[PDB]
Amino acid sequence: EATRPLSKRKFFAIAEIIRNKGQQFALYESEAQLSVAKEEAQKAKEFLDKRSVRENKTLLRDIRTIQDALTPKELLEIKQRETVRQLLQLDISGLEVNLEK
Amino acid sequence: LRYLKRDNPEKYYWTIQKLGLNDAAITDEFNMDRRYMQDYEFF
Amino acid sequence: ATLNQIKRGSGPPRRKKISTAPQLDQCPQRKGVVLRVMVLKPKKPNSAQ
Amino acid sequence: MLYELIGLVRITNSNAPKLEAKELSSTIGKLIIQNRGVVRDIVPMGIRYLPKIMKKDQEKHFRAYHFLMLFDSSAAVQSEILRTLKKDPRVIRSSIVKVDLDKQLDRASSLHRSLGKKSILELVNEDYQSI
Amino acid sequence: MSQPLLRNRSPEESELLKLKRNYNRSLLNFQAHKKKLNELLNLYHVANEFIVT
Amino acid sequence: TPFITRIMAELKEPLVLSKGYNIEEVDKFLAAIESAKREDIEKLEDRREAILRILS
Amino acid sequence: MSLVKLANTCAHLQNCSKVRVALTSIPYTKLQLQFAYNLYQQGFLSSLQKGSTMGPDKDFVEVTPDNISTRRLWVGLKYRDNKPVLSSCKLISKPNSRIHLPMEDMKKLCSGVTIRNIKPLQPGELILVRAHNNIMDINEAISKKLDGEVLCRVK
RNA sequence: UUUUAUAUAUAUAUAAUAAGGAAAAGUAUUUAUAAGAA
RNA sequence: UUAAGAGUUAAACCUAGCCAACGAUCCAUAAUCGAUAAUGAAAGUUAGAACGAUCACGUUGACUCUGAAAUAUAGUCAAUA
RNA sequence: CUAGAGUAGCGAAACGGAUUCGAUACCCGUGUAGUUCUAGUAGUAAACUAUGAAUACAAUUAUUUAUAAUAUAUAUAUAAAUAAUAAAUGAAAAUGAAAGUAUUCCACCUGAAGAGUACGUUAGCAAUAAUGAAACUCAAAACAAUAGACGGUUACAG
Ligand SMILES: [Mg+2]
Ligand SMILES: [Mg+2]
Ligand SMILES: [Mg+2]
Ligand SMILES: [Mg+2]
Ligand SMILES: [Mg+2]
Ligand SMILES: [Mg+2]
Ligand SMILES: [Mg+2]
Ligand SMILES: [Mg+2]
Ligand SMILES: [Mg+2]
Ligand SMILES: [Mg+2]
Ligand SMILES: [Mg+2]
Ligand SMILES: [Mg+2]
Ligand SMILES: [Mg+2]
Ligand SMILES: [Mg+2]
Ligand SMILES: [Mg+2]
Ligand SMILES: [Mg+2]
Ligand SMILES: [Mg+2]
Ligand SMILES: [Mg+2]
Ligand SMILES: [Mg+2]
Ligand SMILES: [Mg+2]
Ligand SMILES: [Mg+2]
Ligand SMILES: [Mg+2]
Ligand SMILES: [Mg+2]
Ligand SMILES: [Mg+2]
Ligand SMILES: [Mg+2]
């Protein structure tokens, strides 16, 4: 809006901001940085945990040992580590039942 | 990404931050000219 | 031919009538001094002195 | 990646032509398996006169024991196998071609595929293979 | 001429349409995975001939 | 950049199978096939190793 | 409200008139529907019909976002005395140069006076104007005292 | 078309059936104006 | 300092900015315009003599008094004659 | 062209042999650079479809070409390439799904010659590349097609 001369080249002054897009573009930037840091940390923790699981790491032999049993001590240890059906239940069955639902 | 900025600025900044880029890398004119390959040591 | 090309200066050439007597400096006539009187031969097919 | 190798091994001992092909097959298979590979098939093509008097190093060959090896392996050790084949005097000619597995995991060799047996399961036939 | 050209889809209709589309996606994913499992079984049936030792 | 490094790492982990296969899923499926057929151990392990090498 | 689409429709109608097809299809939108209705009222089109991309609608179909992409407006063209009734269809206000006339300039254009390089209205011609997202003939827009965008010529 | 019938497993196949006919005489100002030739 | 804003001028201290290929800066040229004149169907194009409006100048450049307002056809100083 | 290596054939230039009134040319011989590879400079071609890109539409036929079916047969349908066309356009040749009907954007042109020349500027190791006039001269200059003449132009007959 028109104003007295405030300098050699400046003769107008702001009066109001209809759209705050420029203002929001920095708030969102800082918020994005802060959120990305924590989400990074969480997912990196998950990846490290999965690496540890794979480091810890014989299913065929074990299942056959349970099957032949149907000796006692190793069988118990494998138990701690229709039971054969539960240990071999596949995610595909879940997909089938979900699709039917 | 420029369209995403024009549409959803919050998700735009979230995405560029997650991908390792900044606002300037998206908004500024870019060509893979020899000057870029020399300045950023592509090879 | 496009609208924006006409905007940038495209258009018909001006029918600018070039001066056939530049040395008069847009004057009806100029006073002068004769340096020499010369007898020329016209271009063919014309022939005269 | 599935690779079909077609080797043309030289015959030097007229009494036991298969010996050198045996040694070469053992070497290549050992390399493939010891570098995290699989040897799906070894098809023993027979003895054949070469189209011309082909020359490797200084010896001139007129006939060769042809043989085929279908093996699943990686690109790096595949190139290593090719390099070993090329410098080996025993292998007159060698050629490795990819057999694509984009659609079907199991595929037969070019010879059986040309005969009509697309897969090795068909080669070994199908009874009690629905388990 | 002065009336709406189209009838807006109700939120309930959109929900039903989204459920149909999700079912289509999950169905195609299911046949893809089951075909992959079938190929795995067929490869197992011939794994005996393959030399690893 | 954390994301690209994580993705490259997950690709480079051991026992990663191609063509949309999961190692635990493959193992469970093989065990299920063996149980169904039951309803030679080194040879079964050889089949498993060949399958893993092909799908590696 | 795409003037590009109105131009495409104009060219389509001209091409259909040249090859003398009895029926043709145009996009189903409010602007196109109003333009076709205005042509039909003047007698330039034989009939308006709503239909799919394959043909007219056998039974009445409600218009929804599900089928909006496949909807079309089918217009029947007229050919009388071995001549097409709808011979030429052109645009006045083009996308590159859009012409919005006040009412007095619109009267001047109807009265034989060239305004902004638009040829004056011809006797058997129709000029269409858009005012407040409504399409009408130039005479009606003058009678309504509405300043408007001068779109197209149909002779 | 619409509706209904029989038969068969809310739906499907066959058969029949169709409501759109109204009349009447009389009740100008038109606009601005672009020519080529050797 | 002014009646009055402003790097307009003078002083001080900060920031690194500002214009520009939709043409900056520089150079050449030019008094500007009209319900004025010419021309054209018109858009426009040309002129800016004559009528009228504005500006600048009164041989050249700077400064000063008076004044509401002048770098005045004033004064002072210098340049030219 | 700049560095390295390479150099079997071909082959500017050069050296000779022929032909010729003359050979500075065509023909012939030896043949340097170059053609080749690596690492660069440069960014010009009749770099052509002498035809910028995108979108909507536009009447046929024939082949293919690529899919989708249905039972080799449906001379099967949907697409694109090619060829000949209708309308349309065009000075015509001709174009023909664009040189058509329309919309949007960009680049380019304003008589011939002077002239893509001079001068300046920018870049390159350089050759050069880009940008790019003016004066002077003239009533010319060019495109398509027509009828002739002509060809060390073809074929057919007598
Ligand atoms: Mg200020
Ligand atoms: Mg101040
Ligand atoms: Mg200043
Ligand atoms: Mg200061
Ligand atoms: Mg300038
Ligand atoms: Mg002057
Ligand atoms: Mg002056
Ligand atoms: Mg005057
Ligand atoms: Mg002037
Ligand atoms: Mg005077
Ligand atoms: Mg004065
Ligand atoms: Mg003075
Ligand atoms: Mg005087
Ligand atoms: Mg060299
Ligand atoms: Mg050489
Ligand atoms: Mg030679
Ligand atoms: Mg000659
Ligand atoms: Mg020679
Ligand atoms: Mg070269
Ligand atoms: Mg280069
Ligand atoms: Mg050149
Ligand atoms: Mg060029
Ligand atoms: Mg060109
Ligand atoms: Mg032309
Ligand atoms: Mg040059």
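Right above here is the structure, for reference.
Definitions and limits used
Residues numbered from 1 in each chain as written, not as in the entry; some residues may be left out. Chains lettered and ligands numbered in written order. Part of a larger assembly, values for the part shown. Heavy atoms only, no water. Helix = DSSP H or I, 4+ residues; strand = E, 2+ residues; numbered from the N terminus. Buried < 20%, exposed > 50% of the residue type's maximum accessible area, 1.4 Å probe, protein only. Areas by Shrake-Rupley, 256 points an atom, 1.4 Å probe, with all protein chains shown as cover. Contact = heavy atoms within 4.5 Å. Buried area = accessible area lost by both parts, 1.4 Å probe. Salt bridge = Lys/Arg side-chain N within 4 Å of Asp/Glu carboxyl O. Polar contact = N/O pair within 3.5 Å; in protein donor to acceptor, adjacent residues only side chain to side chain. Nonpolar A, V, L, I, M, F, W, Y, C, P; charged D, E, K, R; others polar. Core = buried A, V, L, I, M, F, W, Y, C linked by side-chain atoms within 4.5 Å. Pairing = 2+ DSSP bridges. Axes fitted to C-alpha atoms, helices over the stretch in contact; angles between N-to-C directions. Near = heavy atom within 4 Å.

So, on to the overall build of chain C. Each helix and strand in chain C was counted, giving one helix and zero strands. Along the longest, intermediate and shortest principal axes, the C-alpha atoms of chain C span 60 × 35 × 15 Å. The proportion of buried residues among the 49 residues of chain C is 0%. If you sum the accessible surface of chain C, you get close to 5,800 Å²; carbon and sulfur atoms cover 55% of it.

What follows concerns the interface of chain B and chain A. Taken residue by residue, the interface counts eight residues in chain B and ten residues in chain A. Here chain B and chain A share an interface that buries about 880 Å² over both sides, 70% of which is from carbon and sulfur atoms. Considering only the side of chain B, the residues that lose the most area to chain A are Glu10, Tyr13 and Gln17 of chain B, jointly responsible for 52% of the buried surface there. Seen at the junction of chain B and chain A, the total is one salt bridge. For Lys18 of chain B, the salt bridge is made with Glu39 of chain A, and the minimal N-O distance between the two is 2.6 Å. Our enumeration of links across chain B and chain A arrives at two residue pairs in polar contact. Counting residues per element, the ones that place at least two in the side of chain B that touches chain A are helix 1 (2–7) and helix 2 (9–19) of chain B. Residue contributions to the side of chain B that touches chain A peak at six residues, all from helix 2 of chain B. In terms of residue class, the side of chain B that touches chain A is made up of three nonpolar, one polar and four charged.

If you look at soluble globular proteins, the nonpolar side chains tend to sit buried side by side. Core analysis: the biggest nonpolar cluster contains 35 residues, and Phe50 of chain E together with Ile51 and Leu55 of chain F have the highest contact counts within it. Secondary structure elements with two or more residues in this core: helix 5 (91–100) of chain A, helix 4 (120–123) of chain D, helix 1 (11–46) of chain E together with helix 2 (23–38) and helix 3 (41–55) of chain F. By residue number, the principal contributor to this core is helix 1 of chain E, which donates seven residues. Setting aside residues up to four positions removed in sequence, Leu55 of chain F forms contacts with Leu105 of chain D, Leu40 of chain E together with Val16, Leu17, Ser18 and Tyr21 of chain F. In terms of nonpolar packing, the next biggest core, distinct from the first, is built from 27 residues, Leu3, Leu13, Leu31 and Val75 of chain G among them.

Residues and elements named next belong to chain G. Read from one edge to the other, the open sheet built from three strands follows the order 1-3-2, with strand pairing classed as antiparallel. Every other strand in the sheet has two partners, leaving strand 1 (23–27) and strand 2 (45–52) as the edge strands with one partner each. Geometrically, the sheet is characterised by an average inter-axis angle of 30° between neighbouring strands, direction not taken into account. Across seven bridges, the pairing between strand 2 and strand 3 (residues 71–77) is antiparallel. Counterpart to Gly51 in the pairing with strand 3 is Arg72. Together, strand 1 and strand 3 form the strand contacts of helix 1 (residues 3–19), whose direction differs from that of strand 1 by roughly 170°. On top of the sheet, helix 2 (residues 30–41) reaches strand 1, strand 2 and strand 3; it is set at about 155° to strand 2, its chief contact.

The next subject is the protein's contact with RNA strand I. Surrounding RNA strand I, one finds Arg4, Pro5, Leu6, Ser7, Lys8 and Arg9 of chain A together with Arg14 of chain C. A distance of 2.8 Å separates a sugar or linking oxygen of RNA strand I from a polar atom in the side chain of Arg4 of chain A.

This part takes up the interface of chain F and chain E. Facing the 17 residues of chain F at the interface are 14 residues of chain E. In this assembly, chain F packs against chain E so that about 1,400 Å² is buried in total across both faces, 72% of it on carbon and sulfur atoms. When residues of chain F are sorted by the area they lose upon contact with chain E, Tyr21, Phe29 and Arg47 of chain F head the list and together hold 38% of the total. Between chain F and chain E we count zero salt bridges in total. At the junction of chain F and chain E, the tally comes to four residue pairs in polar contact. Every element with two or more residues in the side of chain F that touches chain E is listed here: helix 2 and helix 3 of chain F. The element best represented in the side of chain F that touches chain E is helix 3 of chain F, accounting for nine residues. Split into classes, the residues belonging to the side of chain F that touches chain E amount to ten nonpolar, no polar and seven charged.

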